[PDB]
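Same chain, two forms, each on its own as structure tokens: structure 1, then structure 2.
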Structure 1
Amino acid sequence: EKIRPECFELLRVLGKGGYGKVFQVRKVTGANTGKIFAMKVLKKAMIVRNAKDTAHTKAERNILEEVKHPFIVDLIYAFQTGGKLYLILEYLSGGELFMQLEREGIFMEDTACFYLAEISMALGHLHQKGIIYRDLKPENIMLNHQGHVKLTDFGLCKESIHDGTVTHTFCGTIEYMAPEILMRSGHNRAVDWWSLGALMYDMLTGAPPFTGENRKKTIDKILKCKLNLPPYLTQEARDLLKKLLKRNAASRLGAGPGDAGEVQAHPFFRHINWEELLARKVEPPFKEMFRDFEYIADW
């Protein structure tokens, strides 16, 4: 086929994991010459032998293509070789939202709000398509050139060191995970709303709501779920967090049949013009067998 590995110059490694790597790359051939993409390359070997890893990989692929959205990373090309799979996604030059909080320490509510709003929309869309994002750590969120939010990660675990064997649910940080996920006791889209809460808190205070002095101590905190709000938070922020961070998933705001709408309604968001926001016209605060794998965009 017309698209092949040799169509992209390798600029540098963005990530190394067990399932493969990510590169910053430049396109050599004519289609979008000299344009920058991110190449995700997976080891067919690691994957085909495992039915789970395989299905997860096919789902990642379907999703990045069946699902076009302004706050969801765009897939540009996909293709395979012998023993490798290739996803060419837009390069997100603004880095992780993580990095932003890192240097900021704390966001101003306005800044916090903007991000959470975009992310809220992205979540509403996925939920609509029966998709649950699952882990909303500040690293699953990235920013394009224009400082807008993009949802990143639907694929295989990115670690080289995993949590145990069997599963990759807990391989990275658990700070932003809903309690039910920690008990493996069921779950659904409500878990995302928890996570949004945990994100909001971290943004507004500079630490996740239940950081313990270690991972185990951290876990125990999440299950206890004794929520302490700092006195500096506006009553809205206070209220929203009180409703997102509920142990009982059923009562969690947005857990209901109103989903994202329930959350987007909240007074914490009075200054968001959703229509404008989705149109990305809103000043941002910063900046076996893999048969029909082969793919080229538009669409």
Structure 2
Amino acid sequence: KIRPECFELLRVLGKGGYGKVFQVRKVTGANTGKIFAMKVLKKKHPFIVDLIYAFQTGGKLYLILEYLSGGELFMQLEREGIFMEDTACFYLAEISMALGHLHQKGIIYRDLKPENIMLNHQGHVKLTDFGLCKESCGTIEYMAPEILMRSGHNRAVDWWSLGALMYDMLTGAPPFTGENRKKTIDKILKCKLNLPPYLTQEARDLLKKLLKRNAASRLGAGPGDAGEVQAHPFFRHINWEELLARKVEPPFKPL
């Protein structure tokens, strides 16, 4: 049944990660004509991109993931920067739900860069489960706090990234950019978050609590996870059942 020849290559969508991701028409099979995204590796949630087929062959693992028309519409809305606060609150809210579910299933994203945020024909968020996403007694009075809290491998990494993303959606750039990779990484680690004057009172409060250097105190790091972050006043206008239902109208649907 389903094998690599069941597909014809239309265009390349990205080198994204290791392996190329192709757009594709299914030639044979039941879905003849239907368009998919096929991710090749050289070897159910409304906000998670559905996987359809998966097969192994001549040393190449194939992934036939649903195709998303507004698949790059986010990375373009941020180039126009037409993002207003209330506009961004929508995407951050759906992503927060996407992160919460990935967390319950014990998955951390780590990435969460605007280039990793896709949209569907309706305009809602869709994430993946990349190859950069990871999974999750003597006397402790002498060991560092980072060891006691499983650093860089717990789900607080994602909430920092939610902030960084939010920060970029409301200003035009990420919190700690530098003239080169070295200076950037250092400005990141050494911090000192600068919040512009236009950011609202709720926006800045959330930004300060997501971009807290101390992961332990970082918002969303508690056991309530996304419940902690969704409860922020910045999200007061969101109705989570209506959002989860995709019954909330996205301000930007790829026409």
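Start at 1 and count along the sequence of structure 1; that gives the residue numbers used here. Here the rigid core means the biggest group of C-alpha atoms that line up within 1.5 Å when the two forms are laid on top of each other.
No residue in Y176, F114, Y133, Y86 other than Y176 shows a CA shift of 2 angstroms or more between structures 1 and 2 after fitting the rigid core. Core-superposed comparison between structures 1 and 2: the C-alpha position of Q100 differs by no less than 2 Å. Core-based superposition between structures 1 and 2 puts the Cα shift at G18 at 8.0 Å.
Its Cα shifted by 5.6 Å, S185 is compared between structures 1 and 2 on a rigid core fit.
The shift recorded for the CA atom of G30 between structures 1 and 2 is 3.9 Å, with superposition on the rigid core.
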